[PDB]
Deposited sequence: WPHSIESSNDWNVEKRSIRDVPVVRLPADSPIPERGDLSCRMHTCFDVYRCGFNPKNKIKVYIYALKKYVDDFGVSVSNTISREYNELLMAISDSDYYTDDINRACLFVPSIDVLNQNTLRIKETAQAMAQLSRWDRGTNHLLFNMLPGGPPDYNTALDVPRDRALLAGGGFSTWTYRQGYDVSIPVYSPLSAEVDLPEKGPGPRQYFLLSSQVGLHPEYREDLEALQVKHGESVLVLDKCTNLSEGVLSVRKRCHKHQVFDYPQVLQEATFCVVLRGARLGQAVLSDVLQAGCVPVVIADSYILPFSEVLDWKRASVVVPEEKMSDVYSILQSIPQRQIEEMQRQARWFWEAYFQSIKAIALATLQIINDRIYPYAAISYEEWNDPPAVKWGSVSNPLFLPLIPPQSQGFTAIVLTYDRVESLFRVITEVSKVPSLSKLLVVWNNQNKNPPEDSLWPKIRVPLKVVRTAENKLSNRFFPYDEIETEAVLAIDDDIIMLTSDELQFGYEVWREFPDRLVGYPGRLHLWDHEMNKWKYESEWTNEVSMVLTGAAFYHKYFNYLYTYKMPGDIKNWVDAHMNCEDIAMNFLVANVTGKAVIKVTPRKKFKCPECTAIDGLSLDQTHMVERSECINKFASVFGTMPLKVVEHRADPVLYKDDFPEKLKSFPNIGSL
């Protein structure tokens, strides 16, 4: 039934909400090594369970992928005899050759009144939009030969077409393009690719071209797609009405070029319009797609089950960036959680937090100086001494909080008493600040809600002699960090420091009693991916802290900027 969707022909009572938002797949017990490997990959995943009454999906142990000897009536009989058919309400089916010798229906020919199909070649007419999933067609050449991981760059050829048994029209148009341009378009004829008076190896010839052509010879889905992705050349699918595999989640627009079948003589002109940078990007995306989804049957099975699980639990679906980022750009990505360009008004203010151990004579000065500024809402003071008590009745709203333990990281806890967004963390030692400076700092924070706005300026440099980072403060020519003393920042940064801090950085800063500002700067510069705004054995410890923070992150999130904000 082509009209079936996930809201009508699917059953959601069977599997509902669970703490671990993963669907549970049950496999029936009964041939191709392909299907055997698919089932083994499913079994050794997080989705395999027993107690059929508890699982949601069902994957029959019947050979479906190859339609040449499918015995469609026998497959229908097996599906009926599955003893758990239930009109195929939740069953998942896998296929990669949806074609028949009389006619290519571009879909499985079994009845499958409501069964879910994960096919290789789907047309835009035989593909259920939110129900079915388009899976890649597997070529054994992907694992048979391990091509070198050649980097992106210039190549000898520009356009290539290595296919066998094409229709005469396509080949004639390709030969016309080759005689028209020459030395860039190479049409190969019949694991060996044979040109005129020259021989190439099929897996390795694709490495010499920056574009590889995939055409519709039969079934609308060709195994050459996986080889093209593996070799790194950008696939040019000229198979109109073809839905690219995993197009639901993957962005095929950044990895392949699709040209309609009518404009085949225009292929060269279309491909000349693409700049080289997008060529490199598409090559990297193709390599990543092969190594993550096309490489093995296990990747295909995992991606299919994960797409289905995202469909059944939309609130848990993984991110788009996780779907289509190579690990290089995934590590280089930012994904700022505070990305809305909204400017909060002056109605709210900042909940100032003052961290003190001793020096309760500058702290009174600090409170007096901070309280004079406008827009201040709450002056929280955190008391870390287990021994000394704060002066009671000797101290606009003010709250004094006592810490269970004396840890330096108690100035960054998310307190429910904070009803604003800006948080001004200020220490007692800083006294040369006026009200107008704090007010202008808050005004600057209004336009930059997702980054530090701190008055002190400290940077870092690279030392050639020791091959380690160093902490530099004596001279000011550029700024990479602003100390948490008198630093405006979002309360979400406090939440991140308290909970989402990788490694043992919180434990380390608690133990060493120092280097909280550097850790805060590191975390903020990593999460937001933006620099900081400055408003106009001590050193060894700071340098060791910087080196440790760089080691735990694997790189240096800090960025050098030479600009400061001052009143107009």
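Within the chain's deposited sequence, the coordinate-free stretches run 1 to 36, 67 to 80, 241 to 251, 457 to 461, 603 to 622, 655 to 673 in sequence order.
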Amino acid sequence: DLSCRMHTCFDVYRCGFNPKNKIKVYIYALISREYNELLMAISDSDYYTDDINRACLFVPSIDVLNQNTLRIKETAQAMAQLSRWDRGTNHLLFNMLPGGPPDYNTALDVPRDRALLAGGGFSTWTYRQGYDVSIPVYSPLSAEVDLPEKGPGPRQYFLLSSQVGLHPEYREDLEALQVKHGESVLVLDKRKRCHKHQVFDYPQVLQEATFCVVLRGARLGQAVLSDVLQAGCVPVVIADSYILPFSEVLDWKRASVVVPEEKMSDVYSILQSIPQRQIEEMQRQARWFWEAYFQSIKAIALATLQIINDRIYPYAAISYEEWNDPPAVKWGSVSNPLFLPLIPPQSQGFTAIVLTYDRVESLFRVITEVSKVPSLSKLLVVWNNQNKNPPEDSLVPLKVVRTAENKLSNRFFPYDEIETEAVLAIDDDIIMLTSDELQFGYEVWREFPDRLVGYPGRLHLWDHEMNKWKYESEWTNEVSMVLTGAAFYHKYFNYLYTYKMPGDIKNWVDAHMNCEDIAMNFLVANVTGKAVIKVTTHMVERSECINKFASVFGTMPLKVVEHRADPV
From here on, numbers count along this sequence of modelled residues.
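Rigid core (definition): largest C-alpha set, two forms, superposition within 1.5 Å.
Note on 192 to 200 and 92 to 100: with rigid core alignment, C-alpha atoms in 5 other deposited structures of this protein sit farther from this form for 192 to 200.
Core superposition of the other structures onto this form places the C-alphas of 399 to 407 farther off in 5 other deposited structures of this protein than those of the other stretch among 285 to 293 and 399 to 407. Compared with other PDB entries of the same protein, residue 542 is present in all of those that resolve the residues around it, none of them, let alone a third, dropping it.
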